[PDB]
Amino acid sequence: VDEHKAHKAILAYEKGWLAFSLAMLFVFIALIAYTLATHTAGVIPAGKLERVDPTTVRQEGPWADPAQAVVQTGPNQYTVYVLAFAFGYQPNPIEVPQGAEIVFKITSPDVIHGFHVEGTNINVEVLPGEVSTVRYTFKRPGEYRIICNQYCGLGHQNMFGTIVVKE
C-alpha cells in the first residue's frame, strides 16, 4: 500500500544516506589529521600552561624592553616576545628575517586581545597571566598587519600592529 511502501522505501533510502554521511565525516577527519602532521601545525597554540604576572610583565622580564624582544634562539630560529595591550602592540614594528622559524610569544597586561596576522593562519586569543606561543615562517617579504579580533573595550577597532618581513 502507498503509505506502507513509502515508509519502507523512505527508510531504505535513509539507511544509505547515513552511511554515506559517516564515510564523508571520516574523510574530513583524515584530512584534518594530515594538517597536524605538517608545518601548518605551528599556528596551533602550545598546550603548555606558562603563567606570568600581568602586573609586572611591563617592568620585569623579556616583555619589559621592546627593543630587545627579538632573540635568535636557533640556527634559523628567532623568538619574539609580543605585548598585546589596550590599545596596541609592542614592539611596533616587529621586524623579522624572511625564511626563519618565528616563534611568537604574546602576553597581555590588561584584558583578552586577539593576535591575527593578516594573510596568515596566525589567529590566537591572548589572555592575561598566560603566554600564547605560535610558530610560523614568512615566505614573502613585506608588511603584515596585526588585527585585534577580540572585543577588548572602546579602543578595539583601532588596535593594529605591524610585522615587517626583511629580505
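Start at 1 and count along the sequence shown; that's the residue number. The term rigid core refers to the most C-alpha atoms you can superpose between the two forms while keeping them within 1.5 Å.
Chemist: Quick check: by Cα RMS after rigid core superposition, does 145-153 or 14-22 differ more from this form in 5 other deposited structures of this protein?
Modeler: Relative to the shown form, the greater RMS C-alpha distance in 5 other deposited structures of this protein belongs to 14-22.
Chemist: Between 21-29 and 151-159, which has the higher average C-alpha B-factor in the PDB entry?
Modeler: Here the higher of the two C-alpha B-factor means belongs to 21-29.
Chemist: With reference to the PDB entry, specify whether the mean Cα temperature factor is higher for 141-149 or for 6-14.
Modeler: Going by the record's values, the stretch with the higher mean is 6-14.
Chemist: Would you mind checking which of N121, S108, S132, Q59 has the top Cα temperature factor in the PDB entry?
Modeler: Highest C-alpha B-factor among the listed options: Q59.
Chemist: Tell me which of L49, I44, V126, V117 tops the list for C-alpha B factor in the record.
Modeler: It is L49.
Chemist: For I112, return the chain-relative third of its C-alpha B-factor as stated in the PDB record: lowest, middle or highest.
Modeler: As the PDB entry reports it, the C-alpha B-factor of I112 lands in the lowest third of its chain.
Chemist: Which third, lowest, middle or highest, does the CA B-factor of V96 fall in along this chain?
Modeler: It belongs to the middle third of the chain when residues are ordered by C-alpha B-factor.
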